[PDB]
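Each chain is listed here by its residues.
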Amino acid sequence: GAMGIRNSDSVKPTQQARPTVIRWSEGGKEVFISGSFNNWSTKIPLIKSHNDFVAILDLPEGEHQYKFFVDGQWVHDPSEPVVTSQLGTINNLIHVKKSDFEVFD
C-alpha cells in the first residue's frame, strides 16, 4: 500500500513571474482554467480550497485572457471582466503587474 506523492511530473522551465488571481465558487465536480498564457493548449487544475476554487500560475507582467471550465463546459463569471472574443466566445480578463518597482530595495 501507499499514500500521498513522492516526486512531480510537471515542470516550470519558464522564467520568473508572480502568481495569478483566480477565485471560482459554484459547486461543480472539476474546475479548470486556460488562457493565452498557455496558448489555450492545456487546462490548468484549480486547487480546490475549503472556501472555493482557485488557480495559481506564474504569468508575465501584462494583460492576458483566461476562461473557466466547469461541468464539462467553458463558463465565466458576470462579475469578472469578461469579453466576447473575435470568435464570439466570451472569456475572462486578467491583469498582472511587476514587483521590480513596487520594491524599495
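Residues numbered from 1 in each chain as written, not as in the entry; some residues may be left out. Heavy atoms only, no water.

- For this deposition, the record names solution NMR as the technique by which the model was determined.

Observations regarding the sheet that holds strand β3 (residues 44-45)
Right, so step 1: The four strands are arranged β3-β2-β7-β8 in an open sheet whose pairing can be described as antiparallel. Bordering the open sheet on either side are β3 and β8 (73-75), each of which pairs with just one other strand.
Right, so step 2: Note: strand β2 (residues 31-35) against strand β7 (residues 66-70), five bridges, orientation antiparallel. Across the sheet, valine 31 pairs through a bridge with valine 70, a residue of β7. (Pairing = 2+ DSSP bridges. Helix = DSSP H or I, 4+ residues; strand = E, 2+ residues; numbered from the N terminus.)

Some points on the packing of aromatic side chains
Right, so step 1: Counting across every chain of the model gives three aromatic pairs.
Right, so step 2: With a centroid separation of 5.1 Å and an interplanar angle of 65°, the aromatic rings of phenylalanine 69 and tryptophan 74 are classed as edge-to-face.
Right, so step 3: For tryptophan 74, a relative accessible area of 38% gives the class partly exposed.
Right, so step 4: Through a chain of ring-to-ring contacts, three or more aromatic side chains come together here, namely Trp24, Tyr66 and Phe68.
Right, so step 5: It is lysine 43 that lies over the ring of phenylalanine 69; its NZ or CZ is 3.2 Å from the centre. (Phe/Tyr/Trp six-rings, centres within 6.5 Å; stacked < 30°, edge-to-face > 60°. Buried < 20%, exposed > 50% of the residue type's maximum accessible area, 1.4 Å probe, protein only. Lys NZ or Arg CZ within 6 Å of the ring centre and 35° of its normal.)

Side note on the pattern of salt bridges
Right, so step 1: All chains considered together, the criterion is met by two salt bridges.
Right, so step 2: Here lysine 12 ties to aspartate 58 by a salt bridge, and the two come within 4.0 Å at their closest N and O atoms. Linking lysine 12 in the segment before β1 (22-24) with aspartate 58 in the loop between β5 (53-55) and β6 (62-64), this pair joins segments that are 46 residues apart in sequence.
Right, so step 3: On the accessibility criterion, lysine 12 (44% relative accessible area) is partly exposed.
Right, so step 4: One salt bridge in this structure joins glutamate 61 and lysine 98, with 2.8 Å as the shortest N-O distance. Here the residue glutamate 61 occupies a position in the loop between β5 and β6, and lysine 98 occupies one in the segment after β11 (94-96), the gap between them amounting to 37 residues.
Right, so step 5: Judged by its relative accessible area of 39%, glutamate 61 falls in the partly exposed class.
Right, so step 6: On the basis of relative accessibility, which here comes to 35%, the residue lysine 98 falls in the partly exposed class. (Salt bridge = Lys/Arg side-chain N within 4 Å of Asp/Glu carboxyl O.)

Notes on the sheet that holds strand β4 (residues 47-48)
Right, so step 1: Taken together, the three strands give an open sheet; going across it, the order is β1-β5-β4, and neighbouring strands pair in antiparallel fashion. Single-partner strands in this sheet number two, and they are β1 and β4.
Right, so step 2: Examined bridge by bridge, β1 and β5 share three bridges and lie antiparallel to one another. Paired with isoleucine 22 across the two strands is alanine 55, which belongs to β5.

Examining the nonpolar core
Right, so step 1: The biggest cluster of nonpolar side chains holds 16 residues, and the ones touching the most others in it are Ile22, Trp24, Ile33, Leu46 and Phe68.
Right, so step 2: Elements with a minimum of two residues in this core: β1, β2, β5, β7 and β11.
Right, so step 3: Looking at which element gives the most residues to this core, the answer is β7, with three residues.
Right, so step 4: For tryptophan 24, the contacting residues outside a window of four places in its chain are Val31, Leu46, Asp52, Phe53, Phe68, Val70, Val75, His76 and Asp77. (Core = buried A, V, L, I, M, F, W, Y, C linked by side-chain atoms within 4.5 Å. Contact = heavy atoms within 4.5 Å.)

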